[PDB]
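In: sequence unknown, structure follows:
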Ligand SMILES: CCCCCCCCCCCCO[C@@H]1O[C@H](CO)[C@@H](O[C@H]2O[C@H](CO)[C@@H](O)[C@H](O)[C@H]2O)[C@H](O)[C@H]1O
Ligand SMILES: CCCCCCCCCCCCO[C@@H]1O[C@H](CO)[C@@H](O[C@H]2O[C@H](CO)[C@@H](O)[C@H](O)[C@H]2O)[C@H](O)[C@H]1O
């Protein structure tokens, strides 16, 4: 359960960062 | 470069959490 | 959409923090 | 106090994000 | 500079977890 | 176990950030 | 101590935002 | 405006944290 929650958190962050990266591309 | 670094780090963390979730199962 | 995703993330975090706070209550 | 502060911080972030999501309509 | 700041945050998190671990010991 | 796992993960993150700080220099 | 740590994080955030704002100026 | 708004919010957060640090002392 803790691992799954961490994964969800990390995926949220990765998606947010990807949006920013695309805006700078 | 900031956004790319965040994205890479976050993806790594997501993969590590996913692997832990699978191992814990 | 970015604000909506942030709201969902923050609610998830709040739910997890509240469960931890209730365990300590 | 740590868990209660975390819960308050997450709730503040959720309220801030919700207000932004409504404004951005 | 970003790596230095990230390192301090991670060290902070490590010490916070250590304090909890010691209380649980 | 939850505190110990968090401590271990944070130390790993700290080491990774340190390595990046050194590499960037 | 937690307030002090939070203050350092907030100051870091402020300076990072200032960096971006100056570049956009 | 986005960077400027983030800078203002972070400064507000830093001031709030500083006040808490001084009060806790
Ligand atoms: C309310 C929480 C708000 C957290 C906000 C985000 C993080 C802010 C970090 C502020 C600066 C932290 O400053 C950092 O503190 C940690 C914990 O004492 C110290 O780290 C200390 O513990 C770590 C972990 O065992 C050791 O690896 C290290 O050798 C030791 O000095 C760092 O040397 C210091 O640079
Ligand atoms: C890759 C990003 C990772 C971020 C991780 C989470 C935050 C970690 C914070 C680590 C410690 C930061 O250390 C903090 O740095 C900021 C930015 O230079 C400094 O703050 C500086 O800018 C602020 C904002 O204008 C001024 O109010 C302050 O007078 C000035 O000193 C703080 O005096 C220092 O205590």
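Out: That came through, no problem. Numbering: from 1, shown residues only, chains lettered A, B, ... in the order given. Ligands and ions are numbered 1, 2, ... in the order given.

In: so which bits of stretch A:17-24 are buried?
Out: A:17-18, A:21 (16 or more other CB atoms under 10 Å in any protein chain shown). For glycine as for every other residue, the C-beta is placed from the backbone atoms N, C-alpha and C.

In: out of the residues you listed, which comes closest to chain E?
Out: Among the buried residues of stretch A:17-24, residue A:17 lies closest to chain E (CB to the nearest CB), at 13.2 Å.

In: how close does that closest one sit to residue G:1?
Out: 30 Å (CB to CB, to the nearest Å).

In: cool, and residue A:19?
Out: Distance from residue A:19 to residue G:1, by CB to CB: 35 Å.

In: same question, residue A:18
Out: Applying CB to CB to residue A:18 and residue G:1 gives a distance of 35 Å.

In: before we move on, what about residue A:10?
Out: Distance from residue A:10 to residue G:1, by CB to CB: 27 Å.

In: got it, and residue A:14?
Out: Taken as CB to CB, the span from residue A:14 to residue G:1 is 31 Å.

In: and these two? which has more neighbours close in?
Out: Taking neighbours as other CB atoms under 10 Å in any protein chain shown, residue A:14 and residue G:1 compare with residue A:14 leading, 20 against 9.

In: for the more buried one, what is the enclosing helix or strand?
Out: helix A:2-23 (DSSP states H and E).

In: can you check what angle separates that helix from helix C:2-24?
Out: 160 degrees (axes from the mean of the first three to the mean of the last three CA atoms, to 10 degrees).
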